[PDB]
């Protein structure tokens, strides 16, 4: 018996990552095996680690955690360095509007586990971790139980299926910090320290956990690995547009009729995600803005863009938060500012002070208590969070808010 989880709606046009996770319940090892589960692992163990890296590279799979680095290439960089190597599954999630990873974890954990085993074998890692945010306790208990099921079926431990390949998967829990999703801060947390990002280079693939070559991959990226092995890289590449191939999970929330996770190809447009798949807007009201998590803001004039990694594409992690005509953009911007204020680790001065000031001044603007100096200060701080920043948070803390100032000036003007 696991803790209560809300029943997030899930729908797929590809029947891949959501083949089982489209149903709101835990699918245990017997049900996973009945669908042909762990047969991709068996096929992978008859291949050389180098051939698996080649297949994952040729599939064109790119990281699903936000930076979109080619997966096969990341693995190639890691194995160019001597062992021991470590494999890490990043299940920290935590970005506003993003809930795609938890549905794989909580409903189809063996899909993730199988992908972790194949990936660890590919990079020569005998020790793997899942770092799951502390606010996903059910996901944690589900993963611990699924790992035990995999051990008893001989898919983990020493000499897996007589291959001579050894692997243990440890499940670590976060304890409240969004910054622990940043790959270097995640590694610090796994070492039992504060989640403070480290300056890069060195990159984790060279010096990560205990200063050893470490591959960190997002849950969704890993969940694709059993499909590339099972189908072959060529058949996997046939899914969706050839330049951004494979299934993609789209967490859709806000002012839509059917909020939830959608498994779709990346040539789907933002307009199709909202109107064709998520059932349109609540009360058929006009779309005002789409927040790409806490990263970007798209206006109603930008809905015909593809949901891919292209420069003119949606980008990010495919997180779709819909705001309609009556939603106040300044109030919405305040919530984004409050997120960054709460999550800066404070190591870098412009990030520390800038995230704090951006939220504090925006609150004064929102409440009608801002002086002319507060308005000018807010504009200045929003443009100055990034200088000297060690990690991505400082670089993006002002990004969405700046786009709302550029795309909705009339609304901002009524606060002046």
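Numbering follows the first chain given and starts at 1.
Mean C-alpha B-factor comparison - 110-118 and 70-78, higher one: Higher of the two, by average CA B-factor, is 70-78.
Residue stretch of maximal mean CA temperature factor, 331-339 vs 157-165: Higher mean C-alpha B-factor: 157-165.
Highest-ranked of 97, 137, 232, 197 once sorted by CA temperature factor in the record: So the option with the highest C-alpha B-factor is 232.
Member of 226, 247, 176, 204 with the greatest C-alpha B factor (per the PDB record): Out of 226, 247, 176, 204, the record gives the largest C-alpha B-factor to 204.
Ranked C-alpha temperature factor of residue 278 among modelled chain residues, by third: Its C-alpha B-factor, which the entry lists for residue 278, ranks in the middle third among residues of this chain.
Residue 31 by Cα B-factor - lowest, middle or highest third of the modelled chain: Within its chain, residue 31 is a middle-third residue by C-alpha B-factor, going by the deposited values.
Residue 50 - Cα temperature factor, lowest/middle/highest third of chain: Highest third, going by the recorded CA B-factors of the chain.
Within-chain third of residue 395 by Cα B-factor, per the entry: Its C-alpha B-factor belongs to the middle third of this chain's values.
Chain third (lowest, middle, highest) by recorded CA B-factor, residue given as residue 368: CA B-factor rank for residue 368: highest third.
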